[PDB]
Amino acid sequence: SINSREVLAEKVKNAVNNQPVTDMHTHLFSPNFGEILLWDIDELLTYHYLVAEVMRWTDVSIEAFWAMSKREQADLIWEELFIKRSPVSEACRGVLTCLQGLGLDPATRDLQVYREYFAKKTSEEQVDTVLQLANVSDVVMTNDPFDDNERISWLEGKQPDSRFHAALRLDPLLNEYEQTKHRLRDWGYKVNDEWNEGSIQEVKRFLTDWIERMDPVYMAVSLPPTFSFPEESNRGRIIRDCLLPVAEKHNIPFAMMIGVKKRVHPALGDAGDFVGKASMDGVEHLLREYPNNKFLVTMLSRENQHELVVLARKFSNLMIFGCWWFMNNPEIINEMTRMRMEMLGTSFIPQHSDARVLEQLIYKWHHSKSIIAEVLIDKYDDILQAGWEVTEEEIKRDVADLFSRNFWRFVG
């Protein structure tokens, strides 16, 4: 069987590369939703990650940059980040990995040629190509019923194809209730100005109608470093009186992405969000006091990772997932995954892509799978050295859990 690191390394890498991936959180959409689905070499280069980076070098003002056309911005970013300096950053490295995967050749640095490749395909075609290259079988979307464009599709009866699943984003409802309350009553949900039984019932109705319309795998929200629960606030009262009860009834997990400090640099748009360490008290309280509720959690601060792992050791109704945003870097992904496996075995979800542009699925999963594989190799090899015997079939099983089964199993 397997009784050599070399043999093991090969079996593991294969299992990992071949395993069909369920990306449980992304910003992609079923191609039939139209425009909202982004793909293009230009889309890749104008990803907010690179906008932030380009602004550290270029002399072009942020206003001017926003004034430029998508292609113009893409030309500037390519010049500033790939030509004037080596594309060593993770985000840049990712653009190259995408090109290479599609069959293009970074060696030539021919942006005009790369562009021609996309110009002759359709959304549906690129989707099949990318999902095939990245070996992604299922894509969970981020569906926000507060976005006018997005809401049209849903109200018109449009459904995503079997490859894409919905997830109900509630940020506007939980974090901006004072403004959102108006739009609710505007849509027929008679919430009053004061928080009473009437408002509670309507907000629950709102949630139920959308759960019914989207059939989401989970409801989610991104929270600031200062998040706490319980709390006398709109968010605290809504989570307690509406979200949790509804989620328990429909057995839908509540996904919390904690740690983002919104718009510390407004002019940068989506590139202007920062990070902060959060207290674990609110998450600990939710897990303990709501045993019949399920929670998916990922945190933005490097300093929250270890304790999050320990918290998962305490509560089975907590499923932690991915290396989110500023954590989505080789150095962090490696330390996070090792700490996670060492204390949780395989009872967690290693990664998600958070892709905003279709092609990212390629590098996102390529870059992470190689790291995850190395970790697996070390852990399998360690028990192997302890005289334990791992079969290739067990490896495929474990890998199946990490990249797909654990999620579906949890969302039950």
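In this text, residue numbers run from 1 along the sequence as written. The term rigid core refers to the most C-alpha atoms you can superpose between the two forms while keeping them within 1.5 Å.
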**RMS CA shift, core-fitted in 4 other deposited structures of this protein, bigger for 320 to 328 or for 148 to 156** = 148 to 156
**Request:** Compare the mean C-alpha B-factor of 331 to 339 with that of 154 to 162 as given in the PDB entry, and name the stretch with the higher value.
**Result:** 154 to 162
**Complete:** Assert higher mean C-alpha B factor (299 to 307 or 104 to 112, deposited values) equals 104 to 112
**Request:** Could you tell me which one of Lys120, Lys294, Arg85, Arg288 shows the highest CA temperature factor in the PDB record?
**Result:** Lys120
**Request:** In terms of CA temperature factor as recorded, identify the highest of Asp281, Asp273, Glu90, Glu178.
**Result:** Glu178
**Prompt:** Relative to the other modelled residues in the chain, which third contains the C-alpha temperature factor of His265: lowest, middle or highest?
**Reply:** lowest
**Request:** Select lowest, middle or highest to describe the third in which the CA B-factor of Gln385 falls within its chain in this entry.
**Result:** highest
**Fill in**
Quick tally, chain-level thirds of C-alpha B-factors: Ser228 sits in the lowest
**Complete:** In terms of its chain's C-alpha B-factors, the third that includes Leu45 is the middle
**Request:** Just say lowest, middle or highest third for the CA B-factor of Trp57 relative to the other modelled residues in its chain.
**Result:** lowest
